[PDB]
Amino acid sequence: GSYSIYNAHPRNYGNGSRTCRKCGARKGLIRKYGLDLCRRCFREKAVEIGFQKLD
Amino acid sequence: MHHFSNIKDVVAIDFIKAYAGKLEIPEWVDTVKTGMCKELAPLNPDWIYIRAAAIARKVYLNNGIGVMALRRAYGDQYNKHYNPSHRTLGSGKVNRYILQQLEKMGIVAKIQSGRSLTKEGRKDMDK
Amino acid sequence: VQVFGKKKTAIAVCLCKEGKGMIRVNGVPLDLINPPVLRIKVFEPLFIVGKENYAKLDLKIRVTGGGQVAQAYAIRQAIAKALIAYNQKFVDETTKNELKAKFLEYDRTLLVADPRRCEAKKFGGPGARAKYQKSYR
Amino acid sequence: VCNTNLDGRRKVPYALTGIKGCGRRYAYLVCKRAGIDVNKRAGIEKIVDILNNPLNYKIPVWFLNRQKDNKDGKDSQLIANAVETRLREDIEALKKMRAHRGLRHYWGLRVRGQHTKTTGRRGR
Amino acid sequence: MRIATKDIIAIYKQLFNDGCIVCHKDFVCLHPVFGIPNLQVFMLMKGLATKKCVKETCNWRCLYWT
Amino acid sequence: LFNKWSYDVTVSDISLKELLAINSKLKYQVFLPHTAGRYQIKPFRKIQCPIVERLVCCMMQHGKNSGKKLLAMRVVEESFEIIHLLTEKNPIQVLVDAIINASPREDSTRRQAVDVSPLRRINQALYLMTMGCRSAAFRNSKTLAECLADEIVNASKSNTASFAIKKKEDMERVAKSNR
Amino acid sequence: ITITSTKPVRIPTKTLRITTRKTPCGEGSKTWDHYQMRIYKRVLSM
Amino acid sequence: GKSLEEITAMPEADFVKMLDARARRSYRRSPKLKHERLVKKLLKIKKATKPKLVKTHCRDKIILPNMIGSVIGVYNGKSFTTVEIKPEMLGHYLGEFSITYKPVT
Amino acid sequence: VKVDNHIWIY
Amino acid sequence: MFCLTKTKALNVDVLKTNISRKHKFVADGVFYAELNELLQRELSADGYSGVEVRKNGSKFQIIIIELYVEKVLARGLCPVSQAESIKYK
RNA sequence: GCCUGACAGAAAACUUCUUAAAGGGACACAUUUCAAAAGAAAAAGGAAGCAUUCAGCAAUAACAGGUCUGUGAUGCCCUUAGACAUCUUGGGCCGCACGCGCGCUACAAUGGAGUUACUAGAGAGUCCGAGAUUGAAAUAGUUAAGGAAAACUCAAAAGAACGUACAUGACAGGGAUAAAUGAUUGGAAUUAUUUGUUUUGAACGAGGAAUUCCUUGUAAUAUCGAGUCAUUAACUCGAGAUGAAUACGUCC
């Protein structure tokens, strides 16, 4: 039909499955600690999250 | 000074050599290397009896031990390509054969947490 | 009396008590150390002040870190420190003072730990100071 | 020894490596089966048959050069000067069917599909 | 678009009953509550904003209507 | 040095007597060439290192042997027994006189002939006799222990067959024209 | 009674280390800001 | 391995017992609906008839005796390369007989 | 003199 | 009929019954950012000026489940509200 | 309870080592010399004396430096139902006549190969990290407590010790290239994802002009964890293991 074939390809493994929580960028996802926040975005909200630049 | 209370008062290598007919020879004593990293089979034909004594000693010092805790103990480095060397588990069938054979001899046992020595097994090596 | 010897990471926790001049490290005699090239090194305190001081002393030293040489340098520390502490808690301080003077005269590290420790790798290089090669052209 | 000449200075397990079908691990096995001391120097009829007839001489099928042979037969039969001829008929077989792996062999390129843009710099 | 005949009333009821309906921007999955792909939910009611029925606030790859 | 050799040795020339730690204090007679001190934090702290300790650490070069003290000392410990066999004298004494004889006395700077500081005399002496043993034990049947042993005994008295002596008179002869 | 917070048996702290490239693209020198935040655990028993 | 006359009539389930490790593992998994929709057409065209040329993108198919003599077109990147299946080009993958690029010039 | 596993010097 | 079987949950990771201590603070920290940017585009004319997510043991107390609003006395000292005023002007 | 002080199974207290809170602890003060002074240098003590060491933040002003291929941040232009929107099948960014950069591995006897005891630090775990049992030659296939973790898992190799072995030999250093066959992950492995066994056994004999990094647990040497991840590190981010030399100087 019109949408019967739409999005028929199964995407379960994940490079185009997992997306950033806010940015939606498909590269550089920080899946550590389950953030699912890709870079260039976690840096903005790391202070809000609780992460601070220490040594 | 020097006093004897257990087998920790002698060197490990000489005791193993001094500890080397129940251990019947299997069919793969010649066509088998002691692991997967290695590229050559053991040289001495008595290599099992050196390995058999060593595996007994590992059970002696480490009470709760398993087969996979012996595969990592008798491991080596993978230096077969241009990649940097990384650790790799040793062969399993050669290692677990001695333990099963030691089970019939009455030296080792099968506890709920792996393998452990027996009454006669501890006594036999001390003498 | 319990003392300790320190190194990079290796720690040699001892237990000084009266005995028969017997020294065991993790259950094995000190004569049966794994790196035999360092057999003499760990025994240096024994010949520095003589074995009569250690004749009636027992030592039970446990090592729980470092490497083969870091532990060996901690063993010599806990041995020398144990004699100092035993001569302090029970024997008079005058006798300990002459013993410490000979120890500190030979090797200061025998009685105090090395403050040096590993540094931290930084971005843009393989080590603490070294950096990656630069390709101008 | 198997239509080949070997150096008589090295040990027997390490002198049989000159055979094009016998290498390092294979050589050590045939020295154990034949009952010849490994530490003895190379400097005989019992060896030239175990190399060519190893199935009945206590050998495993996974210790064989030619496993699952075509044109009937299941033995290796490669520990000889047969190494080159057996290899050739495999290469020409792929070209006959014009298979892709054969096509690259015809052009002398990298058969196993590697990055040939930078490495493999034999100027021609 | 050509959304299920009965579901148009069903999707409208949740907005009327609660005042807030939340849909994701991921158009390949299905709405966890409605059992229908997220494409239809946003497709039908993006014309509601033209009729000033709801607002069109979007946040963190989610679409909001009120 | 290993409960085998004594430290009743002297130094021929006084130019290195105050700069070589042999038996001056009680901290230099050490049971092993393995001391983990900080000899490179202040200028002229390396003089407090034992002479054999400094010699041992110079056998730890060329990349693949970096940071291997145990492997290096074994070469030295089994070499001072060879030096005693070939000289029937103190191996420590043989090393001490070898340093003096192989030490350069005049180099050149970019050329102008200039003398060498007593510490640099010691530093260059060690750098010379180890290089000859390192190169002559490369792709050779002979072991490094004898290779190090023969160089020291050769460079000890006057022999010009040693690498150290050739280089010591190579710079002086070049500086002999650079006056 | 056990308490954990981002700011008694004192369980060792488990620092949460995350490192990212400062730039939003590939241009510029390689500089990494080492982000971290510890977790402190205390145990009360009676 | 064995003779063609003794290999084309015996069922292909036992044929893959001696095939390649990849070929005897892909067969173990459930048949693809796209692979099964091919063999229906391959035998259908053979009975009607030089067999007619069929076109498919299923370059993943393992060569099996059920297409022992068909004519198969395979999509490389832009067109269907006609190949006539022969016994000598068996369970090697069906895509290996169609280049996807100009080799070198 | 000494005979270890690395050298045989006599 | 749509050939779509994947389903993305409309849930929050703080609600998990059992979760690692490392993940708990991170998942809660991420929820702080999402909620704070939720009312960002909602309370623009109001100047939310901050959110607090204190918990009373069983119920989540949201301060600008239920909602609480506290009017900040120091309106000038808040940069979030001030930046809105500059944007408005 | 077992054995010639060791080991195994339940217990009762202590905090030096372990963990982590608070405070204490060095300020170059104390001496000597040099500079009315800011200050400089040696030695002793001290756990720690170059700002004690390494790090994060880091001003005024600027580039017409990179990203609108990160975004529901956006201006302007352009395409807008036969589309540059969206989706499906296949191919590619992996293609080689060559040149350049970052790196890995070797050119060995301070070594390779064979056996043994070893010694860490720092990470990560919800169907996820996976103990234990077995069949096996290994990759791996069947059954599986514990763990939302100082609890269970998660474990060292460089090096050493053991032999009448290897002995200057492109050799047993080197492991590219391929020929066979066996599985793992995946809807799918062909242009080999990865990988096991046997065979094939190449350049490389310490590298020309140039050029990079480095002053103390530093360089260097070998390894481990994590990022990426259905499967794949020779990359990056970190950690410990052993521990060189040369300087305490000048603008060439």
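Residues numbered from 1 in each chain as written, not as in the entry; some residues may be left out. Chains lettered and ligands numbered in written order. Part of a larger assembly, values for the part shown. Heavy atoms only, no water.

Method-wise, the PDB entry is recorded as coming from cryo-EM, at a reported resolution of 3.1 Å.

Chain H appears in the PDB entry as 40S ribosomal protein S15, putative from Entamoeba histolytica HM-1:IMSS. Listed as the entry title in the PDB record is "Cryo- EM structure of 75S ribosome with A/P- & P/E- tRNAs from Entamoeba histolytica bound to antibiotic paromomycin". UniProt, in its Sequence similarities (unreviewed entry) section for chain H, records the words "Belongs to the universal ribosomal protein uS19 family." (UniProt positions renumbered as here; feature names shortened; annotations may be inferred.)

Going by the annotation in the PDB entry, the name recorded for chain D is Small ribosomal subunit protein uS13, with Entamoeba histolytica HM-1:IMSS given as the source organism. The Sequence similarities field of the UniProt record for chain D holds the comment "Belongs to the universal ribosomal protein uS13 family."

A.B. asks: Can you explain the overall build of chain H? Please cite residues and give values.
C.D. replies: A count of helical and extended segments in chain H gives three helices and three strands. In chain H, the succession of α and β elements from N to C terminus is α-α-α-β-β-β. At 14 Å, chain H has a C-alpha radius of gyration in line with the 13 Å of a compact globule built from 105 residues. In chain H, which comprises 105 residues, the share counted as buried stands at 32%. Carbon and sulfur atoms provide 55% of the accessible area of chain H, an area that totals close to 7100 Å². Treating the 23 positive side-chain charges of chain H as one cloud and the 10 negative ones as another, the clouds have centres 9 Å apart. (Helix = DSSP H or I, 4+ residues; strand = E, 2+ residues; numbered from the N terminus. Rg over C-alpha atoms; globule rule 2.2 N^0.38 Å. Buried < 20%, exposed > 50% of the residue type's maximum accessible area, 1.4 Å probe, protein only. Areas by Shrake-Rupley, 256 points an atom, 1.4 Å probe, with all protein chains shown as cover. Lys, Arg positive; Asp, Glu negative; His and termini not counted. Charge placed at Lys NZ, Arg CZ, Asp CG, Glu CD.)

A.B. asks: Pulling in residues and values, what's your account of the overall build of chain D?
C.D. replies: Secondary structure assignment for chain D yields five helices and zero strands. Along chain D, helices and strands appear, N-terminal first, in the series α-α-α-α-α. Principal-axis analysis of the C-alpha atoms places the extent of chain D at approximately 50 × 35 × 25 Å. Charged side chains of chain D number 29 positive and 11 negative; the gap between the two group centres comes to 11 Å.

A.B. asks: Give me the lowdown on the sheet that holds strand β4 (residues 32-37) of chain G, citing residues and values where you can.
C.D. replies: In space, the three strands of this open sheet follow the order β3(A)-β4(G)-β3(G), with antiparallel pairing throughout. In this open sheet, the two edge strands, each paired with only one partner strand, are β3 (52-53) of chain A together with β3 (16-21) of chain G. The pairing of β3 of chain G with β4 of chain G spans six bridges and is antiparallel. When the sheet's bridge partners are listed, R21 of chain G is paired in β4 of chain G with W32 of chain G. Seen against the sheet, helix α1 (residues 42-49) of chain A touches β3 of chain A together with β3 and β4 of chain G and runs at an angle of roughly 25 degrees to β4 of chain G. (Pairing = 2+ DSSP bridges. Contact = heavy atoms within 4.5 Å. Axes fitted to C-alpha atoms, helices over the stretch in contact; angles between N-to-C directions.)

A.B. asks: Explain the protein's contact with RNA strand K to me, using residue names and the numbers behind them.
C.D. replies: The immediate surroundings of RNA strand K are formed by 242 residues, with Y33 of chain A, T34 and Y78 of chain B together with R24 and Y93 of chain H found nearest. When the atoms of RNA strand K within 4 Å of the protein are sorted by group, sugar and phosphate make up 73%. A distance of 2.8 Å separates a sugar or linking oxygen of RNA strand K from a polar atom in the backbone of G67 of chain F. At a separation of 3.4 Å, a sugar or linking oxygen of RNA strand K approaches a polar backbone atom of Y75 of chain H. Here the surface near RNA strand K gets six residues from one element, more than from any other, and that element is helix α2 (residues 47-61) of chain B. When its residues are assigned to classes, the surface near RNA strand K shows 80 nonpolar, 70 polar and 92 charged. (Near = heavy atom within 4 Å. Polar contact = N/O pair within 3.5 Å; in protein donor to acceptor, adjacent residues only side chain to side chain. Nonpolar A, V, L, I, M, F, W, Y, C, P; charged D, E, K, R; others polar.)

A.B. asks: So, a positive patch on the surface: which residues are in play, and what are the values?
C.D. replies: Where like charges cluster on the molecular surface, the positive patch consists of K68 of chain D together with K17, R22, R24, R25, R28, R29, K32 and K34 of chain H. Of note, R28 of chain H is situated in the loop between α2 (23-26) and α3 (33-48). The class of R28 of chain H is exposed, set by a relative accessible area of 61%. (Patch = residues over 30% accessible without salt bridge, like charges linked within 9 Å, V, L, I, M, F, W, Y side chains within 5 Å. Salt bridge = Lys/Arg side-chain N within 4 Å of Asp/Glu carboxyl O.)

A.B. asks: Let's hear about the interface of chain J and chain A: which residues, and what values?
C.D. replies: In this assembly, 14 residues from chain J lie in contact with 14 residues from chain A. Interface area for chain J against chain A, summed over the two sides, is near 1300 Å², with a carbon-plus-sulfur share of 64%. Taken as a group, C3, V26 and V30 of chain J account for 33% of the area that chain J buries against chain A, more than any other trio of residues on that side. Inspection of the chain J/chain A interface yields one salt bridge. Of the charged contacts, one joins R21 of chain A and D13 of chain J as a salt bridge, the two residues approaching to 3.2 Å between their closest N and O atoms. Where chain J packs against chain A, one counts one residue pair in polar contact. (Buried area = accessible area lost by both parts, 1.4 Å probe.)

A.B. asks: Tell me about the packing of aromatic side chains, and name the residues and values.
C.D. replies: Counted by the stated rule, this structure contains 15 aromatic pairs over all chains. Geometrically, the ring pair formed by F47 of chain C and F31 of chain F is edge-to-face, given 6.3 Å between the ring centres and 65 degrees between the ring planes. Taken together, the residues span two chains, with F47 of chain C in helix α2 (residues 44-48) and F31 of chain F in the segment before α1 (51-57). Look at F47 of chain C and you get partly exposed, because its relative accessible area is 40%. (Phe/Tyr/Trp six-rings, centres within 6.5 Å; stacked < 30°, edge-to-face > 60°.)

A.B. asks: Can you lay out the packing of helix α3 (residues 68-89) of chain C against helix α4 (residues 93-106) of chain C for me, pointing to particular residues and giving the numbers?
C.D. replies: Residues and elements named next belong to chain C. Relative orientation of the contacting elements α3 and α4 amounts to 160 degrees, with a least axis distance of 8 Å. One way to sum up the angle between α3 and α4 is to call them roughly antiparallel. Crossing of α3 over α4 shows left-handed handedness. On α4, the residues that touch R76, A80, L83, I84, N87 and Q88 of α3 are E93, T95, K96, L99, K100, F103 and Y106. (Parallel < 35°, antiparallel > 145°, perpendicular 65-115°, else oblique. Left-handed = near helix turned anticlockwise from the far one by under 90°.)

A.B. asks: Talk me through the pattern of salt bridges; I want residue IDs and the actual numbers.
C.D. replies: One pass over the structure, following the stated rule, counts 27 salt bridges over all chains. One salt bridge connects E103 of chain B with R115 of chain B, and the closest N-O pair in it is separated by 3.3 Å. Taken together, the positions of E103 of chain B in helix α4 (residues 93-105) and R115 of chain B in strand β4 (residues 114-117) put the pair 12 residues apart, joining distant regions of the chain. Measuring nitrogen to oxygen at the nearest pair gives 4.0 Å for the salt bridge that ties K95 of chain D to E92 of chain D. In this pair, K95 of chain D and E92 of chain D are both assigned in helix α4 (residues 82-96), three residues apart and thus about one turn of the helix distant. With a relative accessible area of 31%, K95 of chain D lands in the partly exposed category. Overall, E92 of chain D belongs to the partly exposed group, its relative accessible area being 40%. Connected through shared salt-bridge partners, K41, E44, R76 and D107 of chain C make up one network.

A.B. asks: Now, about a nonpolar patch on the surface: what can you tell me, with residues and values included?
C.D. replies: A grouping of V1, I44 and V48 of chain D is seen on the molecular surface, where their side chains present a nonpolar patch of about 260 Å² in accessible area. The residue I44 of chain D is located in the loop between α2 (25-33) and α3 (47-50) in this model.

A.B. asks: Go over the arrangement of the chains, please, and point to the residues and values.
C.D. replies: Inter-chain contacts occur across 11 pairs of chains; the most extensive set of contacts lies between chains A and G. No part of chain E reaches chain I; the closest C-alpha pair between them is 69 Å apart.

A.B. asks: Describe in detail unusual backbone geometry, supporting the description with residues and values.
C.D. replies: Residue and element names in this part refer to chain D. Here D72, not a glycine, exhibits a phi torsion of approximately 65 degrees, which is positive. Structurally, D72 can be placed in the loop between α3 and α4. Of note in the backbone geometry, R98 takes a positive phi value of approximately 60 degrees without being a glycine. Along the chain, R98 falls in the loop between α4 and α5 (100-107).

A.B. asks: With reference to specific residues and values, describe the sheet that holds strand β1 (residues 2-5) of chain G.
C.D. replies: All names here are of chain G. Pairing is antiparallel across the open sheet formed by three strands, whose spatial order is β1-β5-β2. Of all the strands in the sheet, the pair left with one neighbour each is β1 and β2 (9-11). Strand after strand, the sheet turns through a mean of 20 degrees between neighbouring axes, direction not considered.

A.B. asks: I'd like to hear about the state of the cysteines, residue by residue, with values.
C.D. replies: Taken as a whole and judged by the stated rule, the model has one disulfide over all chains. With its sulfur 2.0 Å from that of its partner, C23 of chain A forms a disulfide with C41 of chain A. With the S-S bond torsion at -135 degrees, the cross-link from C23 of chain A to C41 of chain A turns out left-handed. Linking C23 of chain A in the segment before β1 (29-30) with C41 of chain A in the loop between β2 (37-38) and α1, this pair joins segments that are 18 residues apart in sequence. On the accessibility criterion, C23 of chain A (35% relative accessible area) is partly exposed. Distance from the sulfur of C49 of chain F, which forms no disulfide, to the nearest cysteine sulfur (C57 of chain F) is 6.0 Å. (Disulfide = S-S within 2.5 Å.)

A.B. asks: Can you break down the interface of chain G and chain A residue by residue, with the values?
C.D. replies: Listed as interface residues are 14 residues of chain G and, on the opposing side, 16 residues of chain A. For the chain G and chain A pair, buried surface summed over both sides reaches about 1500 Å², with 60% attributable to carbon and sulfur atoms. It is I18, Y35 and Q36 of chain G in chain G that bury the most area against chain A; as a group they hold 42% of the surface buried on that side. Connecting chain G to chain A are two salt bridges. One salt bridge connects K53 of chain A with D33 of chain G, and the closest N-O pair in it is separated by 3.8 Å. At the surface where chain G touches chain A, the tally comes to seven residue pairs in polar contact. Here the residues of the side of chain G that touches chain A are counted per class, giving six nonpolar, four polar and four charged.

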